[PDB]
Amino acid sequence: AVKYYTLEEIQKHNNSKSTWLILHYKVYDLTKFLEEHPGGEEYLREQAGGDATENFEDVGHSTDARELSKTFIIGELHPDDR
Ligand code: HEM
């Protein structure tokens, strides 16, 4: 089973208690990761509530970071919004 979120609901998660973002159609809840992110939290908050795939790939994340990102997935972008 997979949970699908719309762009409308994702955009609402960009505040002090909730930070979500999209990477390759998958939705990530990075709320508790902000402080641990090697790159800092400014880059994450700035992209919160939207699709950060291009920025993510632009910086060029390691295979380890990508493996780690998987633990933060909570669902996928609704097919109709793709
Ligand atoms: C769940 C997603 C993410 C995880 C788990 C994550 C993890 C990491 C890790 C482990 C590093 C260390 C270097 C490496 O292994 O590549 C890193 C660096 C970095 N990340 Fe992320 N990252 C994520 C999302 C993002 C996003 C969305 C942005 C930008 C919009 C971003 C910007 C950066 C920057 C600027 C660095 C520093 C690169 C440098 O100094 O050369 N990261 N990230």
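Residues numbered from 1 in each chain as written, not as in the entry; some residues may be left out. Heavy atoms only, no water.

What the deposited record gives as its method is X-ray crystallography, and the resolution it gives is 1.90 Å.

1. Looking at the nonpolar core
Short version of the rule: Each nonpolar core is a collection of buried residues, namely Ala, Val, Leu, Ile, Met, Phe, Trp, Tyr and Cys, held together in the definition by side-chain atoms within 4.5 Å. A 1.4 Å probe rolled over the protein chains alone gives each residue an accessible area, and that area as a share of the maximum for its type sets the label: buried under 20%, exposed over 50%, partly exposed in between. Only heavy atoms matter for contacts: two residues are in contact if any of them lie within 4.5 Å across the pair.
With nine residues, the main nonpolar core is built from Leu-21, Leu-23, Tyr-28, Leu-30, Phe-33, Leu-34, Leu-44, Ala-52 and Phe-56. Residues contacting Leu-34, with those up to four places away along its chain left out, are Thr-19, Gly-40, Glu-41, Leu-44 and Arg-45.

2. Thoughts on the layout of surface pockets
Filter applied, for reference: In the cavity and pocket records, a cavity denotes points on a 1 Å grid over the protein atoms alone where a 1.4 Å probe fits but cannot get out, a pocket denotes an open set with protein on both sides within 12 Å along at least 5 of 7 lines, and lining residues are residues with an atom within 4 Å of a point. Grid points are joined across faces, edges and corners, and a volume is the space filled by probe spheres set on the points. Secondary structure follows DSSP: runs of H or I at least 4 residues long count as helices, runs of E at least 2 residues long count as strands, and numbering of each begins at the N terminus. Note that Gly is not counted as nonpolar here; it falls among the polar residues with everything else outside the nonpolar set of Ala, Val, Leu, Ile, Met, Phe, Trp, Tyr, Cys and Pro and the charged set of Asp, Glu, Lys and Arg.
The computed volume of the largest pocket comes to approximately 530 Å³. Contributing to the lining of the largest pocket are 22 residues, with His-37, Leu-44, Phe-56, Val-59 and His-61 lying nearest its centre. Secondary-structure elements contributing two or more residues to the lining of the largest pocket are β3 (18-23), α2 (42-45), α3 (53-59) and α4 (63-69). It is α3 that provides the largest number of residues to the lining of the largest pocket, a total of four residues. Its residues assigned to classes, the lining of the largest pocket shows 13 nonpolar, six polar and three charged.

3. Things to note about the UniProt feature "domain: Cytochrome b5 heme-binding" in the protein chain
Applicable threshold: UniProt positions are given in the numbering used here, feature names are shortened, and annotations may be inferred rather than shown by experiment.
Cross-referencing UniProt, the feature "domain: Cytochrome b5 heme-binding" maps to residues 2-78 in the present numbering. Taken as a whole, residues 2-78 contains 29% helix and 25% strand, while its terminal C-alpha atoms sit 10 Å from one another.

4. Digging into the pairing of strand β4 (residues 26-29)
To keep it simple, the criterion reads: What makes two strands pair is DSSP finding at least two bridges between them.
When β3 meets β4, the two strands line up antiparallel, connected through four bridges. Residue pairing for β4: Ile-22 is matched across the bridge by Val-27. A loop of two residues connects β3 with β4, the two strands running antiparallel in sequence, and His-24 in this loop sits at a positive phi of about 50°.

5. Topic: unusual backbone geometry
The phi angle at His-24 is positive, at roughly 50°, despite the residue not being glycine. One can find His-24 in the loop between β3 and β4. Its relative accessible area of 46% is what places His-24 among the partly exposed residues. Its identity as a non-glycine residue notwithstanding, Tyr-25 has a phi of 65°, on the positive side. With respect to the helices and strands, the residue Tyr-25 is situated in the loop between β3 and β4.

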